[PDB]
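Read the structure below first, then the notes.
Whatever order the structure lists ligands and atoms in, that order sets their numbers, starting from 1. Throughout, a chain's letter reflects where its sequence line sits, starting with A, and its residues are numbered from 1.
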Amino acid sequence: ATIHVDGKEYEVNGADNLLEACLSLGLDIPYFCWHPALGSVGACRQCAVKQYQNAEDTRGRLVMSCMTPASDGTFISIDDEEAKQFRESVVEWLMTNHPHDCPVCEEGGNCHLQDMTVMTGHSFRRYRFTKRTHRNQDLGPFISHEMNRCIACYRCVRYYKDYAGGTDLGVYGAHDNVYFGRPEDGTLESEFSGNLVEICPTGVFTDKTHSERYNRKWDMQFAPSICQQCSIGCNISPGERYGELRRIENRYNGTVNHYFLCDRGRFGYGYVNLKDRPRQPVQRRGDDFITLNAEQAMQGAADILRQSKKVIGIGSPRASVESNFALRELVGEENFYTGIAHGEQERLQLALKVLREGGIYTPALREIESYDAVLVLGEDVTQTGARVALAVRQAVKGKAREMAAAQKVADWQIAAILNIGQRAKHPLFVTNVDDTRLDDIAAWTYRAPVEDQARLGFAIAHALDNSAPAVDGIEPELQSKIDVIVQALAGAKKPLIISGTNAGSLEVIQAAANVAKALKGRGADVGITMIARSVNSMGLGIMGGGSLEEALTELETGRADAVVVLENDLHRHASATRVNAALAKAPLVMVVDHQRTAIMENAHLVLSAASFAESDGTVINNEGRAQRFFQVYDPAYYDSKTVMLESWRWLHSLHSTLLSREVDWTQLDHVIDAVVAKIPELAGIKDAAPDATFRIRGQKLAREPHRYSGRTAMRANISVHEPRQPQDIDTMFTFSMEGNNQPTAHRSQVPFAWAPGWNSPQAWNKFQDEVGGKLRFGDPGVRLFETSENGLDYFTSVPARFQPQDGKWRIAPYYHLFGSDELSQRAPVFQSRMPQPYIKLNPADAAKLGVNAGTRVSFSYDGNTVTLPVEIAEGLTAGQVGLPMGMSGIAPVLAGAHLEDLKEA
Amino acid sequence: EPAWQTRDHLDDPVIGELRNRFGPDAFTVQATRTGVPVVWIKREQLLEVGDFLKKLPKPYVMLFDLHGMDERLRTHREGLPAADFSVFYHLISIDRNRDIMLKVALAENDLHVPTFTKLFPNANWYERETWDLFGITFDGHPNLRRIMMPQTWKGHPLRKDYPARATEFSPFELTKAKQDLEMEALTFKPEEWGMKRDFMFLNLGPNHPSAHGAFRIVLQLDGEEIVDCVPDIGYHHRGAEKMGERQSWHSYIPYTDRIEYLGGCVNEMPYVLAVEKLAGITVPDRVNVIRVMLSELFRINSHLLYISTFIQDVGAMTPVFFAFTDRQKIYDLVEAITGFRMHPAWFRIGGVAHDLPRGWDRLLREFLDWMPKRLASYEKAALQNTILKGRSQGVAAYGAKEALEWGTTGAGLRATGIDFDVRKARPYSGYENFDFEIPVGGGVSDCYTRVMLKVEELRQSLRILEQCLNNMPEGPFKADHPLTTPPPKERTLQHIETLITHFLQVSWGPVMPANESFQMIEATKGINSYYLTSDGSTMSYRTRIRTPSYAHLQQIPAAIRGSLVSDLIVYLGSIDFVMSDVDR
Amino acid sequence: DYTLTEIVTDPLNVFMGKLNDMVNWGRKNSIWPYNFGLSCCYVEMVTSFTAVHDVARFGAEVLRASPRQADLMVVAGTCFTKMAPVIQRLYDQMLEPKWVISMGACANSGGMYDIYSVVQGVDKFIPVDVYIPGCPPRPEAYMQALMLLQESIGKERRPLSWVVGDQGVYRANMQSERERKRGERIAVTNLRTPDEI
Ligand SMILES: CCCCCCCCCCC1=C(C)C(=O)C(OC)=C(OC)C1=O
Ligand code: SF4
Ligand code: SF4
Ligand code: SF4
Ligand code: SF4
Ligand code: FES
Ligand SMILES: [Ca+2]
């Protein structure tokens, strides 16, 4: 299409509306109610331009550019005097009731309303009357509510309801008393409620966790990092100030997590700021804890390692690729053990084999929203991979999108799309041990044990393709529902099969692979998604090694006298008693970690590693994409006695001191090149980010904004002399403003979005080639593996039905978004949000034991009698007992595990 | 059409002459808010374009400015030739009362331009500074050596990839530079300094017991006569332009104060006028009158300092005490108005920081009654002394040709008989509404002639203050523009729109739309100009400051050659320079 | 509470104490500053030297062009990288006893010029006795710094002769002026409104 803006010709896409087309060209139109992800509704009337019928037209007409299609040969004007005066009048009308709140408002300096008030040039107030006020609600521990600052742009309700699928937020009231919130005080129920702080263009919804230790946006030090709280790998911008992590903002990745995080990623960063973290290396001498510097800790550790006869290394899926590789190099490939259980490692390896050998394309998180039918097998995605659940909701609304497109309704006119697609939606079939949070939009929900879910998947694969193995013992109504699933999936142009390793069953993953193969054989454009557990689970699976049980037997039999545990608490992957016995038997335990774990009581040496905020590295997400996270701040800048290094730096210097009796604090690119040379399956991680020599016209990339303040006074209480600026030899970023963050810079790693006149999160529009699309010059991250030409075979190992045996109790996993991730549990703000641990029981089983709802029962596993109060779960299958995974004492290795001595306390 | 409107200046006769001489495709005309025709010339045609402008019927006789620009990070270069770097040449035709900027584009690898020293002899120091701060080579330059940084300096500080902040201090570098200073006199080679050839060699500096700064002069002597002399400058280099690339538009005003520290608001004036050109701000008349008031008060302060310093350099010691009492009276008024003495930082984008305090007219009337009897006493006690006249008259004289070819402005140029004052030729800040004369010399610029012209300028500034006191407008002290930084304080404190504008203007900075502006003013020591490039951001993309003391110090060897050393001291005392103005 | 050049107590017969007091009195009542002009702070210094302020009343007007005859080095201006070896050489050329006053934010810390060509404070390479904030400090602030230096000089112990006695220099650890004036500064309630004169 061709448009003429202010007499200048432009070539745009005709399917877009005028506002997004003009913002993609760099033109500045003020706007409030439109969002690139939510569509156009034409409420705020801020985006007004003047449209003319032809070139020889002088009068024109004011139109909303967000609601005007960018048709071919469209003549408009933004800088028309009438349009400018109307946009100024809209800003003024918004400003009549706005509170005098900017100094004491957390959105100041990050406010879209401030930016558009300045952009319209409106700075004189001629309104002399009273301003309306509102009471505020309590929205829980995460979101702070300030209703006075609202401009009634309806972004919150549209996002939270039409996009996120939440139910408890809404718009109440009338003419100019419109209220946006919950009907009563209470916590926002959605797992994606945290994106309201970026969706809201004003200070109504604010980050309460940030509002505790508040600082303005110009005062933050930012870095482009990857969220470490599950395997999705959403791009984040951690921002720090005064040596502590202050905020997690969304970082735009048009291929992964474009505008939206989940609440675990956004608010579960509080473990970084804990005061019990290791900040110096500590050596045990009898009962004494001697604090060492880097050099003497490395010398003593390498000497004791040299006197040892066999050193084993226990990695972790929390650690980066470089740190796991450095441990593998230090202890040797044959002595390296992945720090996960044998069943967990088997499920992880099977998921990786399906992803990179099954011949079926695995979509990115953004690409999930374009699929026509979704089958989720055994994976509670809302609690384990939440952004996948959000993308599944978008893919479900794709049917309403297609129905509206059949009636020649444009894709940005969201109200008409929702009107045409009333309740018609794409087929969604979820299977779990109980009800999921996707049940409100699911076409069918199957509450069954993991064997029965696997048998359902194998039956679906057999009915789609008769070459697949059959299932014997299917009930006729279950067969009818299976047939419903089969005709829904076979009629889909782009079916999607989602599973993962959190189900605790190998057969569920095998059944999902069988369904995907059966759909691939029919010619469908099938995609497969596997949800892992931790941030670098796929990286640890690609690296390979032994299981944690093998390392425990190596420690117990005395074949290994030295163990180096990297970023692993060892209690989430094995029993605590056996781990404690093996670590007490081992004469040398060296724990390289950044969190105070329980295994440092018996550890001979504790190396104060860096977390993601204080380190660089690479992580492989659930779809096999290598992503580089960068260090946010130097921990030794404010506390000069802090020796907190990267884990790969610790292990590489330990290897160098073990070999040549000399420390070597290496560079990140050297470890990256070592990974690429030694492990060819991880050769793609070289291209995740450019090396430390990367420059933009000769200068580095800035971590902090141009107006970063207090540089001669933040450390003046320690010493009036300004310290040396921390040098960054590992990466292309600098710990200063002396760098580049231009939106037109040829790069893909963007620490934060800021353009002049756009201080809000809306500056990501300036950082994209087209708004709502990809990052300009490509999104960061590279897929490690391509789709194989030939797939796997059908898995003939069809499990039997779940048999409830007396005495035994099958543990059904119950994951929680706030409580299943270890570091997220360590965050103090999650302690109020996380629920009290309830053991879930069937009504029939609770009647059999005679226990009611709320009474405490005690059960023993691995000789550990623990007590929990009972919650009645009707959707659970009899013979199963539900356990909340990741919680206090309930390790996630209990999925699929049997249970003994379930008795009332 | 306001004065700040973006003009292309295609109706200038110089554009038609250039088109008729070199053809229509030989150059590109850029539309700016600088007020001058900006013409991008090809590099190979630069010397003939400069010669053609020098041979015009009313020629461009003065090279006003010559400096570089790093355009690698400039995003809004629409209609501009492709350039990793550029070099601009600002030329002034006094007879036409016009000026033209010529810009030469340069690639990143091919950073060399033909030298301009043959057409204009004052291009030498400008090309040395452009090489020093940008790495731009000038082919045919006699001694292309560093002029601000020491010779053992790596990198070019005004480039975009150069880190602006201070490096970590090291005693090793201080000890090495002390050893270099100690062995400098032992291993002095008069070939790297641009000199040639009983010829004594002496160093005047680097420390100097005077009030104009501390700088070093290498003197070649035949007995008492000065055969050759080059100045070693850059000892007072504060990196003010690089700070222009690091501050916001509003928070850079205190840095503009300290360019020449005897001027204050006189130094603030061209910067805020250029920023108001970038912002599209037409300030009201009371703002113009207040800014003229403060500029003339600081002009009287600076001229009293200059006359006292000259008299003390001659040898009389008492008038400096008396004129410092007069400076105390001026400082009392300035302290009452702005709150500070010599770096007020009171001018704002769109106006001034506060209104005039109630009672300022009493202090102005007291100073206006105090000044003239004291000035007459200074004249009759020192300026009419025949010993002072013998020490001053005939010392370092030059005509209009030497003043034009060296870029000499201010009292020296007008002492050569050229009636070129910025306040009359190219009026700014409502200077047309004041009745004042421009004193001129007979055609020869002595030390004594320059000093008496500064005395007459002081009297004319007293006349301006009298007219301003008798006719004071009532109105706003800030413009009503949305880009007036900061907004008026009471509206900020009780209106949310004004609070939002204030919040974003003081924190992130005011957003100047992408343009280029230029303001030239008649400062206390000559012509002071600000050339501002905005890339659409809250910071300046380029802040070029042309100061007159640089040009006067470059004119120093061409006027004192063949004279004595006491004549050199008197000439230094009568130039009206400060080393901060030289190095900035 | 002293400093020996180590934190020691006061080393101070009663005739030696009187002689030391007489020497300190003569030293603090006759302070000869060195004539050294760096930047605008020097202009305010020499303004204090003139008739309207009359720094001669304290006996500190003999402004020497030779560092040998000067007792006080007033670093009044920016410590540029090219000027820093000159400052160090001129400080080294002075004779015992010698005192240093940093005048202005540039000489204190670098001030507003945290830039590539400025040394961030003159205490990076010479020891400073009295700091003056301000940009520029007004002339009476320089006078007040002179009285602070006089009070510091009057309570320091130096050897009377280079052949007899302890040759170490004992400088008193004065109470900070911030802590001394905190009593009267916090008690301020109302100031004159800025709209008046
Ligand atoms: C070896 C030659 C010695 C000559 C006399 C030097 C001592 C008297 C200095 C007088 C003086 C001068 C010249 C002077 O210029 C000055 O102003 C800064 C003073 O302070 C008020 C002075 O005291
Ligand atoms: S929401 Fe924006 S405009 Fe409103 S008080 Fe906060 S910062 Fe100011
Ligand atoms: S609360 Fe925020 S997002 Fe919701 S309508 Fe008001 S301004 Fe818009
Ligand atoms: S979905 Fe996973 S990776 Fe994304 S923000 Fe949530 S916890 Fe982090
Ligand atoms: S502190 Fe201020 S007044 Fe003093 S030298 Fe520095 S810029 Fe000049
Ligand atoms: S953005 Fe178009 S009316 Fe709101
Ligand atoms: Ca690092």
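Contact residues of ligand 1 (protein heavy atom closer than 4.0 angstrom to a ligand atom; sorted by chain and number): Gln312(B), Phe321(B), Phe49(C), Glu61(C), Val62(C), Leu63(C), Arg64(C).
Taking the ring centroids of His237(B) and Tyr113(C), they lie at or beyond the 6.0 Å cut-off. If you look at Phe215(B) and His208(B), their ring centroids are closer than 6.0 Å. Taking the six-membered ring where the residue is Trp, the centroids of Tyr261(B) and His343(B) are separated by 6.0 Å or more.
Using bins of under 30°, 30° to 60° and over 60° for the plane-to-plane angle, the ring pair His112(A)/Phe32(A) lands in the perpendicular bin.
With respect to the salt-bridge test (charged N to carboxylate O, under 4.0 angstrom), the residues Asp219(A) and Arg246(A) do not qualify. A salt bridge links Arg341(B) with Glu44(C); the closest basic N to acidic carboxylate O contact falls under 4.0 Å.
Listed by chain and residue number, nothing satisfies the side-chain hydrogen bond (donor to acceptor under 3.5 Å, both in side chains) test with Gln137(A) (two or more places apart in sequence, or in another chain).
A donor and an acceptor atom, one from each side chain of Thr501(B) and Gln505(B), are nowhere located under 3.5 Å apart. Between the side chains of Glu106(A) and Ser144(A), no donor N or O sits under 3.5 Å from an acceptor N or O. For the residue pair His100(A)/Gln494(B), the side-chain donor-acceptor check at 3.5 Å is not satisfied.
Counting only protein atoms, the N, O or S atoms lying less than 2.8 Å from atom 8 (Fe) of ligand 2 are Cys102(A) SG, ordered by chain and residue number. Listed by chain and number, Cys135(C) SG are the protein N/O/S atoms closer than 2.8 Å to atom 2 (Fe) of ligand 5, with waters left out.
Atoms of ligand 5 lying under 4.0 Å from any heavy atom of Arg238(B), numbered from 1 in the order shown and given with element: 5 (S), 6 (Fe), 7 (S), 8 (Fe).
By the 6.0 Å contact criterion, CZ on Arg57(C) is enclosed, its count of non-hydrogen atoms from other residues, nucleotides or ligands being greater than 12.
Checked against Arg149(A) for a side-chain hydrogen bond (donor to acceptor under 3.5 Å, both in side chains), the options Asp101(A), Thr202(A), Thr206(A) give a single hit: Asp101(A). Screening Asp129(C), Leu148(C), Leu72(C), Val128(C) for a side chain to side chain contact (heavy atoms under 4.5 Å, CB included) involving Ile101(C) leaves a single residue, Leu72(C).
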